[PDB]
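Notes for the one structure printed next.
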Ligand SMILES: Nc1ncnc2c1ncn2[C@@H]1O[C@H](COP(=O)(O)OP(=O)(O)O)[C@@H](O)[C@H]1O
Ligand SMILES: Nc1ncnc2c1ncn2[C@@H]1O[C@H](COP(=O)(O)OP(=O)(O)O)[C@@H](O)[C@H]1O
Ligand SMILES: [Mg+2]
Ligand SMILES: [Mg+2]
């Protein structure tokens, strides 16, 4: 309503799903263990367009299964508990397609705080990001995904600003919509095809 | 008028103590505690006022000054806008009782009314602290920002009314000798960048410690030690010390800083023989001052006074967890010695100016879109905070929205719009050539 | 000077002549530290030797001893006291 009141040039029928991502890429995601409910597509559409690192909340690991499907090649999942997670992340930042961090429920480690910051330092041609004691060489088209298994998780508001939060929780009508898409495919297979 | 102001400041102070339900010591009200110090620095800031500028009728000019200064040590104490409203009513009742008869035309206290002794320095007045108009303040800050960008590292900021007011009342705490400033606000409130600017506005040299991933207590002490060598010399500009929650990697690094900021300098920072060599350098100054020399008691004391005057400690925390409250409980010096300053979220009117600044140097059909978008940018951020309040009551799940979150959102939206517009323009140009 | 400070100021002079220590209690606002800090300046630096100690909640028993050790000069034998029969005052703030 507030876009019409001002009278800013905009299309008659806007929906966030269409802008964030095309129809074809929604059909790709559907194949990579994602449900056809709009809430999950919206969520999947956000992480694509995210200018910040996306912190994901996944009870029943619905988000994690999708992330693993999308990143088919050179995806590495490193929990906070692992002792060489600092060493693995540093070697990953240099030449890693994507990175996934398990656990990290709340109280995010101080070593990740410079990485979490989207601002990077450019030294001539190369780009350098300072993590731990020794700075590590940063490469473009690096992706970082943070998954956390919790119900009503509590974060620092400084972190909620720094990093965009997104929830993959299958609740209320949100689960119903997934079962409909599933039912429709079994009932009227011909129409979906 | 002096006696009336003393009964007034008491009256306001007394009406707050009577309302124990409104204001009391609590978990989230660790600072709310109302001391002598806030009355003392209010009484201090009147003493700052030179005779020559306040000469004449002080029926109208003094009460304004007092009211402002009073307000700026009580407002910052308060977190909630409800508590603020309650205070302003007590402050008006207090003034109206002791003064008796006052004009109803112009409210004695007003949000527009600010007092600063940096505006004077720009106009070529010497040690003058008076009321400055909002439009005059704008021109001085904007000019000084260009000077800051020229010599130091370039800092971009919106410079809205509320941010500028925050610059004014930090400049004020730095102008007071011995008194330390504490800035409290949510992540991205601009306070660290507002401090660095505020410091530069006044004739002071800001020194921030740099924390590496692997840091030690002895490494911190050596950084502090270096700062005290520059203060010890007689002909020295007063060094400001900048600290943030990120800079405090462990709680051990805070212990030295509080003993510095409380009084003088941390016990056994340097050896006794090194201290003696600093004392001898200050002895040359003491002769010029006309203070007792070769007494080795008043001189050593005078050295501690100078060090206190020339060291300013600026602390920056976020009141988001009970960790900061545990700092207050653990560290007594911090809350009582320093002057607390609380940053509220940016007003709807300020948010419009932020958007209006970032939309500049982007092409639009009639530039009426710009002026409207800037409104919608403020409306969207406000409507999230109202929805976030609804979300907190409805479900246990807590969402948080900061002014950095808002800034980063706008930059991302602008980049996406520019990319889509460029792609559309290239496609249209290709179509036109083909046609 | 206040009516309350002058009468406490007298009580301190009484309590300084004797080896009985003094303890001050009250809110943050009350202004106790300053009332003691005024007196320590007014006392003669030969008769009495004053030193302030402030606990930030990480001050271990060992760290307090290091501050006391430095304050106290080394008398003859195992006993440690100030030379020329000077009385040694150690001011403690934020005791609890
Ligand atoms: N008013 C403002 N206008 C533009 N950018 C701002 C403004 N306030 C803050 N910023 C940006 O956001 C950052 C916030 O970080 P900082 O100033 O350290 O504040 P905080 O300590 O609250 O995080 C700034 O360094 C700057 O890049
Ligand atoms: N006569 C006085 N003049 C100015 N300040 C005073 C006076 N008496 C007490 N104070 C105040 O006392 C405080 C320091 O002593 P005190 O209140 O006991 O400290 P604390 O609150 O840390 O225990 C300061 O706020 C100081 O201004
Ligand atoms: Mg910051
Ligand atoms: Mg005290």
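Residue numbers (the entry's author numbering), protein chains in the order written: chain B, 3479 to 3671; chain Z, 2706 to 3140; chain X, 2513 to 2608.
Ideal Cβ positions, reconstructed from N, Cα and C, are used throughout, including at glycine.
Looking at the C-beta of residue i, does it have a partner C-beta in chain Z at a distance below 8 Å?
i: residue 3635 (chain B); result: yes
i: residue 2568 (chain X); result: yes
i: residue 2606 (chain X); result: yes
i: residue 3480 (chain B); result: yes
i: residue 3644 (chain B); result: no
i: residue 3484 (chain B); result: yes
i: residue 2557 (chain X); result: yes
i: residue 2540 (chain X); result: yes
i: residue 3674 (chain B); result: A question about residue 3674 (chain B) goes unanswered here, because the residues of chain B that appear run from 3479 up to 3671.
i: residue 3566 (chain B); result: no
i: residue 3552 (chain B); result: no
i: residue 3639 (chain B); result: yes
i: residue 2588 (chain X); result: no
i: residue 3509 (chain B); result: no
Apply the 10 Å Cβ neighbour rule to residue i and answer buried if 16 or more other Cβ atoms are within range, or exposed otherwise.
i: residue 3666 (chain B); result: exposed
i: residue 3114 (chain Z); result: buried
i: residue 3640 (chain B); result: buried
i: residue 2877 (chain Z); result: buried
i: residue 3578 (chain B); result: buried
i: residue 3123 (chain Z); result: exposed
i: residue 2886 (chain Z); result: buried
i: residue 3479 (chain B); result: exposed
i: residue 2768 (chain Z); result: buried
i: residue 2523 (chain X); result: exposed
i: residue 3032 (chain Z); result: buried
i: residue 3671 (chain B); result: exposed
i: residue 3616 (chain B); result: buried
i: residue 2795 (chain Z); result: buried
i: residue 2963 (chain Z); result: buried
i: residue 2948 (chain Z); result: buried
i: residue 2723 (chain Z); result: exposed
Please decide whether residue i counts as near chain X, where near means a Cβ-Cβ distance under 8 Å.
i: residue 2791 (chain Z); result: no
i: residue 2725 (chain Z); result: no
i: residue 2972 (chain Z); result: yes
i: residue 2714 (chain Z); result: no
i: residue 2960 (chain Z); result: yes
i: residue 2854 (chain Z); result: no
i: residue 2964 (chain Z); result: yes
i: residue 2867 (chain Z); result: no
i: residue 2786 (chain Z); result: no
Using DSSP's beta-bridge definition, name the partner residues of residue i.
i: residue 3044 (chain Z); result: Z:2886
i: residue 2602 (chain X); result: X:2563
i: residue 3601 (chain B); result: B:3604
i: residue 3576 (chain B); result: B:3553, B:3621
i: residue 2947 (chain Z); result: Z:2913, Z:3019
i: residue 3590 (chain B); result: DSSP, once it has assigned bridges, lists no residue as partnering residue 3590 (chain B).
i: residue 2837 (chain Z); result: Z:2819
i: residue 3534 (chain B); result: B:3625, B:3644
i: residue 3615 (chain B); result: B:3606
Taking 8 Å as the threshold (beta carbon to beta carbon), is residue i in contact with chain B?
i: residue 2888 (chain Z); result: no
i: residue 3081 (chain Z); result: yes
i: residue 2892 (chain Z); result: yes
i: residue 3128 (chain Z); result: no
i: residue 3068 (chain Z); result: no
i: residue 3123 (chain Z); result: no
Ligand 6 and residue i: does any heavy atom of the ligand fall closer than 7 Å to the residue's C-beta?
i: residue 2605 (chain X); result: In the structure on display, ligand 6 does not appear, and the ligands it does have are ligand 1, ligand 2, ligand 3 and ligand 4.
ask   = Between the segment 3020 to 3038 of chain Z and chain X, which residues of the former have CB atoms less than 9 Å from a CB of the latter, in chain order?
value = Look at the segment 3020 to 3038 of chain Z: the residues with a C-beta under 9 Å from a C-beta of chain X are 3034, 3035, 3036, 3037, 3038.
request  = With 8 Å as the limit, tell me which residues of the segment 2729 to 2754 of chain Z have their beta carbon closer than that to any beta carbon of chain X; keep them in chain order.
outcome  = Answer in chain order: 2738, 2739, 2740, 2741, 2742.
message = Using a Cβ-Cβ cutoff of 8 Å, what residues of the segment 2911 to 2935 of chain Z are near chain B? List them in chain order.
response = Taking 8 Å as the Cβ-Cβ cut-off against chain B, the residues of the segment 2911 to 2935 of chain Z that qualify are 2917, 2918, 2919.
ask   = If contact means a Cβ-Cβ distance below 8 Å, which residues of the segment 3572 to 3591 of chain B contact chain Z?
value = Cβ contacts with chain Z come from 3588, 3589, 3591.
request  = Specify which residues have a beta carbon nearer than 6 Å to any heavy atom of ligand 1, listing them in chain order.
outcome  = Output, sorted by chain position: Z:2861, Z:2862, Z:2863, Z:2868, Z:2890, Z:2892, Z:2893, Z:2894, Z:2895, Z:2896, Z:2897, Z:2898, Z:2949, Z:3021, Z:3109, Z:3112.
task = Quick one: which residues of the segment 3514 to 3545 of chain B get their C-beta closer than 8 Å to a C-beta of chain Z? List them in chain order.
result = Within the segment 3514 to 3545 of chain B, the qualifying residues are 3527, 3529, 3530.
task = Output, in sequence order along the chain, the residues in the segment 2985 to 3002 of chain Z whose CB is closer than 8 Å to any CB in chain X.
result = Against chain X - using a Cβ distance shorter than 8 Å - the residues of the segment 2985 to 3002 of chain Z are 3002.
key: Under 9 Å (Cβ pairs) to chain Z, residues found in the segment 3593 to 3617 of chain B   = For the segment 3593 to 3617 of chain B, the residues whose beta carbon sits under 9 Å from a beta carbon of chain Z are, in order, 3596, 3608, 3609, 3610, 3611, 3612.
message = Against chain B, which members of the segment 3086 to 3101 of chain Z pass a CB distance test of less than 9 Å?
response = Within the segment 3086 to 3101 of chain Z, the residues whose Cβ lies closer than 9 Å to some Cβ of chain B are 3088, 3100, 3101, listed in chain order.
key: Proximal residues, the segment 2944 to 2959 of chain Z versus chain X, C-beta separation under 9 Å   = If you check each beta-carbon in the segment 2944 to 2959 of chain Z against every beta-carbon of chain X, the ones closer than 9 Å belong to 2956, 2957, 2959.
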